[PDB]
Each structure stands twice: as C-alpha cells, then as structure tokens.
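S.K.: mind folding the following:
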Amino acid sequence: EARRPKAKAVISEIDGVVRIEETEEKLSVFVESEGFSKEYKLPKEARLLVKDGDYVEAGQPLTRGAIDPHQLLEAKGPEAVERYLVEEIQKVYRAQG
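M.R.: Numbering: from 1, shown residues only. Next comes the structure:
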C-alpha cells in the first residue's frame, strides 16, 4: 500500500556530511553541504546510523527503522525506491522460508 510507517526513519534530503549535537533536552543532527544545509531534530534515544563526520547520499537513512518510500522516491528517484520496495517485501518472506 506504500503507507508511511509509524516507526519512520528520517532520511537525508541532499548530499552532505553530518555532525552530531547531543545536548540535554535536544539531540539535533546537521547534514552540512558545500553550500547550505538543514537540521534534523529527533528524540534523544533515537538510534543513529551516521558516525559523525561521515558522508551520506541523499535518501540514506540517518536514523534506523523503515523508510517512507515517498520521502525516498522524491529524494533518490524511482529505481532507488523500486529497489527498497522489492527487497523489503522479500525480507518478510525469507524470514518465514
């Protein structure tokens, strides 16, 4: 159905490189680009997938979880989401043999 999940992971809108900022009542991540960049707020115990300073593709999950296939489609293009969709279905079926 292409629903945007509840446990939605937050992907990156553009190319860039990250820098964590873990203060008490906020844990924000910046994916900075050679021009300008955006800031991604999220609850603190959220589980990262970016070692600070690493290099991210546009649409590459920063948090973990499921990916809104729409946020993906707009970010990385059809074969990109065509990819996610096929593999993600399969992981369920494999799991049951």
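
S.K.: and the helices in this structure?
M.R.: All helices of the chain, identified by DSSP state H, fall at 69-76, 78-96.

S.K.: format those helices as CSV; extra columns: mean neighbour count.
M.R.: Where C-beta positions appear, they are placed from N, C-alpha and C, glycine not excepted. Below are those laid out as CSV (neighbours: other CB atoms under 10 Å):
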stretch, mean neighbour count
helix 69-76, 17
helix 78-96, 11
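
S.K.: so which of the ones you listed comes closest to residue 60?
M.R.: helix 69-76 (8.3 Å; CB to CB).

S.K.: dihedrals phi and psi, the residue nearest to residue 14 when sequence neighbours are not counted?
M.R.: Nearest residue to residue 14 in three dimensions, chain neighbours excluded: residue 58, at 5.0 Å (CB to CB, 6 or more residues apart in numbering). Residue 58 has phi and psi values of phi -70, psi 110 when expressed as degrees, to the nearest 10.

S.K.: what distance do you get for residue 58 to residue 31?
M.R.: 9 Å (CB to CB, to the nearest Å).

S.K.: my read is that residue 19 contacts residue 30, right?
M.R.: Yes - with contacts counted by CB atoms under 8 Å, residue 19 reaches residue 30, the gap being 5.2 Å.
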